[PDB]
Amino acid sequence: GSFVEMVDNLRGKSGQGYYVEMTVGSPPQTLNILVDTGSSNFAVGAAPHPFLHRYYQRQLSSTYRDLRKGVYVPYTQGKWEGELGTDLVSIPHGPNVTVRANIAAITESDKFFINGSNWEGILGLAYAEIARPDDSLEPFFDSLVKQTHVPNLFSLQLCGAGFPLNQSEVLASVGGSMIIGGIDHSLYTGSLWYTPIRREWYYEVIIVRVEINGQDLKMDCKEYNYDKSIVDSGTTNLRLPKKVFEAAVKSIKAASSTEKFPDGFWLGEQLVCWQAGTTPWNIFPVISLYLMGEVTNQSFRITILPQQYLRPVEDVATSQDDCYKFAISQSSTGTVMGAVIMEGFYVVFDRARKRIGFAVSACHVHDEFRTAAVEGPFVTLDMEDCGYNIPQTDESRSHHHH
Ligand SMILES: CN1C(=O)[C@]2(CC(C)(C)Oc3ccc(Br)cc32)N=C1N
Ligand code: NI
Ligand code: NI
């Protein structure tokens with residue numbers, strides 16, 4: 001249970017994503033690649049862009065092969081597109097192996113690259129079902145497992161930031177570890193609890209109960225997973241379905257009512273500040289998500305602190321103050337357990353056993369009164385089915401799966 005060479009292999013800027021160094025092609029072209037458990041393509045900048053100072057140059061790679069097929073990927077914010085091919089890929093601070101993987105060479109994009117994020121590509125770690133153009137495009141991790149003896153598992157320790165912040169002009173630096181093929185015991189303390197992967201597409205899980213400062217939200221538990229709940233390293237916030245978001249904000253407002261914040265704050269559109277080191281952490285409640293256990297009628301809870309859901313941002317004009325962004329936000333596409341959740345925990349993506357593990361992170365941000373926690377079991381007699389069944393479209397139904 002030791003992978004010393006892979007510890008501390010993640011870097012990034014607060015709110016702009018965690019990246020790992022990867023090499024592509026022969027000779028190796030080193031690139032910084034976003035670790036994204038919410039998508040399934042390996043896609044790298046492959047042409048000049050304002051926000052890039054390096055990119056994948058296919059012509060410099062003797063081992064590159066063009067697949068003679070394009071790919072176009074639209075999403076809420078914008079799009080990326082490019083040419084599909086294969087090349088040799090390694091992770092210099094990962095396993096001592098080289099694999100031939102699919103690579104999408106991004107030729108054009110809109111609102112994809114983030115200025116100052118320091119990454120040039122994305123490593124989609126989710127399953128083939130959500131790969132583009134379709135599920136025949138084998139994701140990177142699938143290739144890695146198939147071509148090597150690397151166990152079908154990876155784990156993420158994402159370490160967040162906090163005051164005092166070093167720079168006023170630029171965003172705070174974050175770090176972490178991606179352990180490929182195993183679990184490193186130095187990265188967590190206490191018990192490691194597993195929730196089933198409900199289905200292999202996103203890393204979909206089931207939330208059975210939500211509490212805010214020990215108070216049950218008392219909603220039909222299907223509402224927690226409407227229309228899915230996923231674990232996504234490529235999302236910053238904890239994102240909650242509309243009804244759940246409104247109930248949670250109501251509860252957090254009530255707890256912190258001594259402070260009257262503007263509407264913009266609760267919408268994540270405005271910072272709120274206190275004089276340096278005087279932030280009244282104790283007026284903000286802990287949030288507990290109970291996840292379905294491996295055993296029928298069992299659950300366990302993960303509990304996060306306001307230090308996780310209030311993100312530090314050092315303002316240029318307000319450098320005397322500690323300022324924060326509210327990092328819980330509304331979703332119309334289900335619950336997203338983003339960096340806000342993950343930064344409390346060591347998270348094990350145990351693909352081999354179709355489960356996701358949580359333990360208290362050795363690096364989580366806390367104070368002297370409360371800690372992020374992973375606790376169980378909690379037993380519920382005749383536990384209900386909290387999973388939502390997405391209405392089946394004719395287009396989806398018509399697909400064959402040979
Ligand atoms: C929420 N989410 C996204 O919007 C997405 C989708 C896609 C990979 C297309 O493009 C990006 C680009 C940058 C960042 Br940062 C995240 C993503 N990945 C996740 N997980
Ligand atoms: Ni390096
Ligand atoms: Ni057929």
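Every heavy atom of this structure was used, including side-chain atoms; hydrogens, water molecules and symmetry mates were not. When a ligand or atom number is given, it counts from 1 through the structure's own listing order. If you read the sequence from its start, that first residue is 1, and numbering goes on from there.
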Heavy atom of the protein closest to [atom] (residue, atom name, distance):
atom                    : value
atom 11 (C) of ligand 1 : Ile122 CD1, 3.6 Å
atom 5 (C) of ligand 1  : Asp36 OD2, 3.9 Å
atom 10 (O) of ligand 1 : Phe112 CE1, 3.6 Å
atom 14 (C) of ligand 1 : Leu34 CD2, 3.8 Å
atom 3 (C) of ligand 1  : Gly234 O, 4.4 Å
atom 1 (C) of ligand 1  : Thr235 OG1, 3.2 Å

Inset, instruction - Look only at interatomic distance and state if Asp232 has a nitrogen or oxygen under 3.5 Å from any nitrogen or oxygen of ligand 1. - result: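 Yes.
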Legend entry - Basic-acidic side-chain contact under 4.0 Å: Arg209, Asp216: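 A salt bridge links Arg209 with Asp216.
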Inset, instruction - Could you list which atoms of ligand 1 come closer than 4.0 Å to a heavy atom of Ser39? - result: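 What qualifies from ligand 1 is 8 (C).
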Legend entry - For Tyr75, the ligand 1 atoms whose distance to one of its heavy atoms is below 4.0 Å: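 In order of number, 9 (C).
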Could you verify whether a donor N or O on one side chain and an acceptor N or O on the other, from [X] and [Y], lie under 3.5 Å apart?
X      : Y      : result
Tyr127 : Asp135 : no
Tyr388 : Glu223 : no
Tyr224 : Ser229 : no
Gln307 : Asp367 : yes

Inset, instruction - Please find the N/O/S atom of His402 nearest to the Ni ion (ligand 3) and write down its name. - result: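 In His402, the heteroatom (N, O or S) nearest the Ni ion (ligand 3) is NE2.
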Legend entry - Atom name of the N, O or S atom in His400 that lies nearest to the Ni ion (ligand 3):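 Answer by atom name: ND1.
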Legend entry - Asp232 side chain vs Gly38 backbone, donor-acceptor pair below 3.5 Å: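 It does hold such a pair.
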Inset, instruction - Give a yes or no on whether the backbone of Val365 and the side-chain of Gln308 come within a donor-acceptor separation of less than 3.5 Å. - result: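 Indeed, once roles are kept as given, a pair shorter than 3.5 Å links the two residues.
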Legend entry - 4.0 Å protein heavy-atom contact status of atom 20 (N) of ligand 1, strictly under: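 For atom 20 (N) of ligand 1 the answer is yes, since some protein heavy atom falls inside 4.0 Å.
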Inset, instruction - Measure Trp119 to ligand 1 on non-hydrogen atoms and call it side chain, backbone, both or neither using the 4.0 Å cut-off. - result: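 Within the 4.0 Å criterion, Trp119 contacts ligand 1 through side-chain atoms alone.
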Inset, instruction - Specify which N/O/S atom of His93 comes nearest to the Ni ion (ligand 2), by atom name. - result: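 Result: NE2.
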Legend entry - Within-4.5 Å side-chain heavy-atom neighbours: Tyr346 and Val360: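 Heavy-atom side-chain distance check fails, nothing below 4.5 Å.
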Inset, instruction - Nearest 0.5 Å please: distance from the CG atom of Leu10 over to the OH atom of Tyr19. - result: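 Going from the CG atom of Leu10 to the OH atom of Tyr19 covers 10.0 Å.
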